[PDB]
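Structure first, commentary second.
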Amino acid sequence: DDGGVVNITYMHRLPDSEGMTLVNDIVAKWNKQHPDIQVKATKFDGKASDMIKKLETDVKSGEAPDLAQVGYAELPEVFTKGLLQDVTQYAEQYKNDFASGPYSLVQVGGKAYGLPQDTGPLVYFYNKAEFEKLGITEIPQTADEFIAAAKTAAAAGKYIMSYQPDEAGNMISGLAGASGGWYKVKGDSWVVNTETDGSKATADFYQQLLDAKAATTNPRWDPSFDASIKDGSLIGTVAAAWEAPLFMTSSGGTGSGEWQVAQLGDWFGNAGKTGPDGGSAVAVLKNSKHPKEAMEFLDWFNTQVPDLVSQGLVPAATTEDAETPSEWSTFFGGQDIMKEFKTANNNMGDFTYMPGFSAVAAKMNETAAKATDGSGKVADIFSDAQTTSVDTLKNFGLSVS
Ligand SMILES: CC(=O)N[C@@H]1[C@@H](O[C@@H]2O[C@H](CO)[C@H](O)[C@H](O)[C@H]2O)[C@@H](O)[C@@H](CO)O[C@H]1O
Ligand SMILES: [Zn+2]
Ligand SMILES: [Zn+2]
């Protein structure tokens with residue numbers, strides 16, 4: 001048996017903003033109850049996509065935490081780099097606490113490497129009051145009807161869409177992937193096709209918007225993006241569901257009481273489906289000496305539903321219903337937005353991510369930014385991703401058809 005006190009470290013990249021139940025305050029509850037398993041949680045200092053590079057540095061060092069946040073999209077990559085610990089015999093005990101889809105996303109080859117934490121269905125945020133002022137009385141459901149509406153808004157200095165070049169890897173992959181995967185294993189080899197009907201539909205949608213000057217082009221994480229919500233010019237956009245409290249903070253309050261969440265329209269060849277953008281597991285890393293207790297704490301952590309929801313998460317836990325915080329429904333015109341997130345989740349297409357997808361995402365972002373001044377086409381996002389996907393798999397020493 002272990003000694004009396006086991007010490008566990010947990011690195012996460014949860015927002016921890018004002019108004020939220022801070023992770024350390026969540027962990028303090030556990031620590032008080034469990035002197036036998038003491039937990040130290042720390043928030044990664046840096047840009048989200050850099051976290052797994054730090055984990056890689058730290059695994060090789062032997063200064064890694066026991067537990068770290070790992071995106072579903074990042075799991076096959078960090079797995080392939082040998083950063084994870086097979087914890088199947090422990091995962092199996094907690095399996096029933098979690099929805100079956102997210103639980104399958106912590107597995108590689110029928111072994112489990114942690115526990116799912118949340119999901120990232122793409123939805124549409126919009127200011128309903130501002131739509132009304134523009135005579136937009138319905139969320140337009142076809143790409144053509146949306147583009148027509150967006151030109152009308154644009155001529156009044158308003159935008160019902162944003163193009164986010166720094167998020168093309170995560171958001172635009174999800175939107176295209178809503179209608180079919182880009183990657184599959186066929187026997188001995190990966191088969192890559194990132195130029196699906198969905199990719200073509202998605203490209204055409206954003207291309208028409210950009211050519212009409214009818215979408216903002218501020219990078220999502222730049223102060224210019226918050227400025228667009230604050231100044232009232234950005235009145236509609238695709239968003240991952242976990243964006244809700246972020247968006248609310250970014251706004252400064254502008255539109256409070258008027259914002260609403262809708263399902264994505266059929267704008268991306270998505271035909272009634274949505275796609276994933278983010279959503280993460282927490283993984284047990286290669287050389288953790290305490291997998292059992294790490295997983296014991298993690299099952300507790302990932303079932304603190306109201307506290308996770310405070311961080312904007314759509315929890316993977318099925319142990320209790322997630323509920324819209326009062327603050328959020330207020331901001332969103334009294335709407336129970338969590339019901340929208342759950343609907344979106346249930347309509348979210350599966351998407352296998354190749355190992356090395358970080359490189360595909362990084363390239364997508366780079367090529368996405370070329371489109372904002374007309375130097376590049378939106379479509380080039382998908383043709384470049386195809387080449388980077390194939391090259392990255394080959395760099396990993398993996399076979400590609
Ligand atoms: C795919 C990805 O990593 N996207 C980044 C965001 O990550 C999401 O974060 C929320 C927490 O707010 C949640 O953990 C979700 O599972 C994640 O996918 C996020 O860090 C964002 C900055 O707020 O940047 C995105 O790039
Ligand atoms: Zn205890
Ligand atoms: Zn132990």
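Residues are referred to by chain and number: the chain letter is A, B, ... according to the order shown in the structure tokens, the number counts from 1 in that chain, and ligands are numbered separately from 1 in the order shown.
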Report task. Enumerate residues in contact with ligand 1: an atom-to-atom distance of at most 7 Å, counting only C-alpha atoms and all ligand atoms. Format the result as number ranges by chain. Result -> A: 13-15, 48-49, 71, 118-120, 167, 170, 242-243, 246, 277-280, 311-313
Store the residues picked out above in a file with C-alpha atoms, as a short mmCIF file (atom, residue, chain, number, x, y, z; two decimals), in the first residue's frame.
data_model
loop_
_atom_site.label_atom_id
_atom_site.label_comp_id
_atom_site.auth_asym_id
_atom_site.auth_seq_id
_atom_site.Cartn_x
_atom_site.Cartn_y
_atom_site.Cartn_z
CA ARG A 13 -5.91 25.16 -18.93
CA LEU A 14 -9.30 26.09 -17.61
CA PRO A 15 -10.09 29.82 -17.75
CA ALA A 48 -3.69 26.75 -25.22
CA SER A 49 -1.96 24.91 -28.16
CA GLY A 71 -7.77 17.88 -25.88
CA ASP A 118 -16.18 18.24 -21.48
CA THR A 119 -17.42 18.56 -25.05
CA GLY A 120 -17.20 21.35 -27.62
CA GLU A 167 -8.95 29.51 -34.70
CA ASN A 170 -10.09 24.16 -34.30
CA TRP A 242 -17.47 26.56 -23.87
CA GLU A 243 -17.07 30.18 -25.16
CA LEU A 246 -15.53 34.14 -22.14
CA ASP A 277 -14.25 22.53 -31.61
CA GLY A 278 -12.11 21.67 -28.59
CA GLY A 279 -13.45 19.49 -25.73
CA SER A 280 -10.84 17.86 -23.53
CA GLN A 311 -15.82 27.49 -16.16
CA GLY A 312 -18.02 27.31 -19.29
CA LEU A 313 -17.70 23.54 -19.68
#
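The strand (DSSP E) portion of stretch 67-172 of chain A consists of residues 67, 68, 69, 70, 71, 107, 108, 111, 112, 114, 115, 116, 122, 123, 124, 125, 126 and 127 of chain A, with states taken from DSSP on the backbone.
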Taking a cut-off of 9 Å and counting only C-alpha atoms and all ligand atoms, can you build a table that, for each residue of chain A near ligand 3, reports the nearest atom pair and how far apart they are in Å (one decimal), sorted by chain then residue number, as a tab-separated table?
residue	atom	partner	partner_atom_place_in_ligand_line	distance
A:1	CA	ligand 3	1 (Zn)	7.5
A:2	CA	ligand 3	1 (Zn)	5.3
A:3	CA	ligand 3	1 (Zn)	8.3
A:6	CA	ligand 3	1 (Zn)	6.5
A:7	CA	ligand 3	1 (Zn)	8.9
A:37	CA	ligand 3	1 (Zn)	8.7
A:289	CA	ligand 3	1 (Zn)	6.3
A:290	CA	ligand 3	1 (Zn)	3.7
A:291	CA	ligand 3	1 (Zn)	6.4
A:292	CA	ligand 3	1 (Zn)	5.8
A:293	CA	ligand 3	1 (Zn)	5.6
A:294	CA	ligand 3	1 (Zn)	7.9
Query raised in the report: So which bits of stretch 31-227 of chain A end up alpha helix (DSSP H) when you DSSP the backbone, as a PyMOL selection string?
Result: chain A and resi 31-33+51-61+75-80+88-94+100-104+128-133+143-155+173-177+197-211+223-227
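In this model, the gap between atom CA of residue A:196 and atom CA of residue A:177 comes to 8.5 Å.
Counting only C-alpha atoms, the residue from A:395, A:375, A:249, A:142 that sits nearest to residue A:17 is A:249.
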What residues of the protein or nucleic acid chains come within 9 Å of ligand 2 when you use only C-alpha atoms and all ligand atoms? Reply as a PDB file with N, CA, C and O atoms, in the first residue's frame.
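File produced: pocket.pdb:
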ATOM      1  N   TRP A  30     -11.755  18.959  -2.108  1.00  0.00           N
ATOM      2  CA  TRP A  30     -11.218  17.592  -2.123  1.00  0.00           C
ATOM      3  C   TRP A  30     -10.120  17.430  -1.034  1.00  0.00           C
ATOM      4  O   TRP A  30     -10.140  16.482  -0.243  1.00  0.00           O
ATOM      5  N   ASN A  31      -9.196  18.382  -0.989  1.00  0.00           N
ATOM      6  CA  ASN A  31      -8.032  18.309  -0.088  1.00  0.00           C
ATOM      7  C   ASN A  31      -8.424  18.246   1.377  1.00  0.00           C
ATOM      8  O   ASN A  31      -7.738  17.588   2.180  1.00  0.00           O
ATOM      9  N   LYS A  32      -9.504  18.955   1.707  1.00  0.00           N
ATOM     10  CA  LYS A  32     -10.084  18.955   3.033  1.00  0.00           C
ATOM     11  C   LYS A  32     -10.692  17.598   3.404  1.00  0.00           C
ATOM     12  O   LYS A  32     -10.608  17.147   4.568  1.00  0.00           O
ATOM     13  N   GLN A  33     -11.295  16.944   2.419  1.00  0.00           N
ATOM     14  CA  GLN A  33     -11.910  15.636   2.634  1.00  0.00           C
ATOM     15  C   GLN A  33     -10.938  14.469   2.606  1.00  0.00           C
ATOM     16  O   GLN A  33     -11.202  13.394   3.209  1.00  0.00           O
ATOM     17  N   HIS A  34      -9.814  14.681   1.930  1.00  0.00           N
ATOM     18  CA  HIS A  34      -8.889  13.601   1.629  1.00  0.00           C
ATOM     19  C   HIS A  34      -7.449  13.950   1.957  1.00  0.00           C
ATOM     20  O   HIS A  34      -6.624  14.174   1.038  1.00  0.00           O
ATOM     21  N   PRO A  35      -7.120  13.961   3.264  1.00  0.00           N
ATOM     22  CA  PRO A  35      -5.706  14.136   3.696  1.00  0.00           C
ATOM     23  C   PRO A  35      -4.788  13.061   3.130  1.00  0.00           C
ATOM     24  O   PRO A  35      -3.573  13.295   3.056  1.00  0.00           O
ATOM     25  N   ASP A  36      -5.366  11.918   2.722  1.00  0.00           N
ATOM     26  CA  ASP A  36      -4.635  10.768   2.151  1.00  0.00           C
ATOM     27  C   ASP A  36      -4.226  10.906   0.666  1.00  0.00           C
ATOM     28  O   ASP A  36      -3.362  10.153   0.177  1.00  0.00           O
ATOM     29  N   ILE A  37      -4.898  11.817  -0.049  1.00  0.00           N
ATOM     30  CA  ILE A  37      -4.569  12.160  -1.447  1.00  0.00           C
ATOM     31  C   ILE A  37      -4.660  13.682  -1.613  1.00  0.00           C
ATOM     32  O   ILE A  37      -5.750  14.228  -1.774  1.00  0.00           O
ATOM     33  N   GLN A  38      -3.517  14.353  -1.522  1.00  0.00           N
ATOM     34  CA  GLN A  38      -3.479  15.801  -1.560  1.00  0.00           C
ATOM     35  C   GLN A  38      -3.147  16.248  -2.981  1.00  0.00           C
ATOM     36  O   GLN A  38      -2.301  15.638  -3.663  1.00  0.00           O
TER      37      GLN A  38
END
Query raised in the report: Which residue, A:165, A:82, A:315, A:135, has the smallest gap to residue A:218 when you use only C-alpha atoms?
Result: A:165
Requested in this report: Just the residues within 12 Å of residue A:88, please, counting only C-alpha atoms, with nothing from its chain fewer than 6 positions along; format it as a PyMOL selection string.
Outcome: chain A and resi 94-95+103-104+106-115+283-284+291-292+295
Query - Polymer residues at most 8 Å from stretch 318-321 of chain A, only C-alpha atoms, same-chain spacing of 5 or more positions, as a PyMOL selection string - result: chain A and resi 96-99+303+305
For the residues selected in the previous step, produce a file with N, CA and C atoms as a PDB file, in the first residue's frame.
ATOM      1  N   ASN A  96     -19.093   4.604 -15.945  1.00  0.00           N
ATOM      2  CA  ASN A  96     -20.516   4.892 -15.893  1.00  0.00           C
ATOM      3  C   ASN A  96     -20.864   6.284 -15.422  1.00  0.00           C
ATOM      4  N   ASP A  97     -19.866   7.014 -14.936  1.00  0.00           N
ATOM      5  CA  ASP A  97     -20.059   8.423 -14.571  1.00  0.00           C
ATOM      6  C   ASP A  97     -20.111   9.348 -15.796  1.00  0.00           C
ATOM      7  N   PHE A  98     -19.752   8.825 -16.967  1.00  0.00           N
ATOM      8  CA  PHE A  98     -19.519   9.674 -18.168  1.00  0.00           C
ATOM      9  C   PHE A  98     -20.304   9.251 -19.397  1.00  0.00           C
ATOM     10  N   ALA A  99     -20.703  10.218 -20.229  1.00  0.00           N
ATOM     11  CA  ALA A  99     -21.346   9.877 -21.504  1.00  0.00           C
ATOM     12  C   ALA A  99     -20.453   8.925 -22.338  1.00  0.00           C
ATOM     13  N   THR A 303     -16.801  15.182 -12.022  1.00  0.00           N
ATOM     14  CA  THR A 303     -18.221  15.083 -11.681  1.00  0.00           C
ATOM     15  C   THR A 303     -18.691  16.237 -10.778  1.00  0.00           C
ATOM     16  N   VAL A 305     -20.238  18.919 -11.281  1.00  0.00           N
ATOM     17  CA  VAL A 305     -20.886  19.482 -12.472  1.00  0.00           C
ATOM     18  C   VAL A 305     -21.109  20.999 -12.416  1.00  0.00           C
TER      19      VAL A 305
END
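The shortest atom-to-atom distance to residue A:143, with only C-alpha atoms taken into account, belongs to A:268 out of A:268, A:19, A:190, A:29.
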Query - Nearest residue to residue A:9 from the set A:123, A:129, A:67, A:215 (distances using only C-alpha atoms) - result: A:67
Requested in this report: One decimal, Å: what's the distance from atom CA of residue A:360 over to atom CA of residue A:394, could you say?
Outcome: 13.0 Å
Identify, on the basis of only C-alpha atoms, every residue whose closest approach to residue A:355 does not exceed 9 Å; exclude the query and any residue fewer than 6 positions from it along the same chain; express the result as a compact mmCIF listing (two decimals) with C-alpha atoms, in the first residue's frame.
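Okay, result03.txt is ready:
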# COMPACT_ATOMS: atom_id res chain seq x y z
CA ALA A 73 -7.84 16.25 -30.76
CA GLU A 74 -4.44 16.18 -28.95
CA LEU A 75 -4.79 12.76 -27.32
CA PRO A 76 -3.75 10.63 -30.36
CA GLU A 77 -0.73 12.97 -30.81
CA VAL A 78 0.53 12.88 -27.21
CA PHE A 79 -0.20 9.14 -27.17
CA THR A 80 2.04 8.61 -30.20
CA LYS A 81 4.78 10.68 -28.52
CA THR A 392 3.08 15.14 -40.69
CA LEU A 393 1.95 11.46 -40.62
CA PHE A 396 5.71 10.50 -37.38
Requested in this report: Within 10 Å of residue A:342, counting only C-alpha atoms, which residues show up once you throw out same-chain ones fewer than 2 positions away? Write them as a PyMOL selection string, please.
Outcome: chain A and resi 119+121+241+314-315+322+337-340+344-348
Query raised in the report: Pick the closest to residue A:191 from A:93, A:204, A:25, A:352: which is it, counting only C-alpha atoms?
Result: A:352
Report task. Could you give me, as a count of residues only, the residues within 12 Å of residue A:47, counting only C-alpha atoms and dropping anything in the same chain fewer than 3 positions from it? Result -> 12
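Each of A:244, A:271, A:285, A:178 was compared to residue A:324 using only C-alpha atoms, and A:244 turns out to be the nearest.
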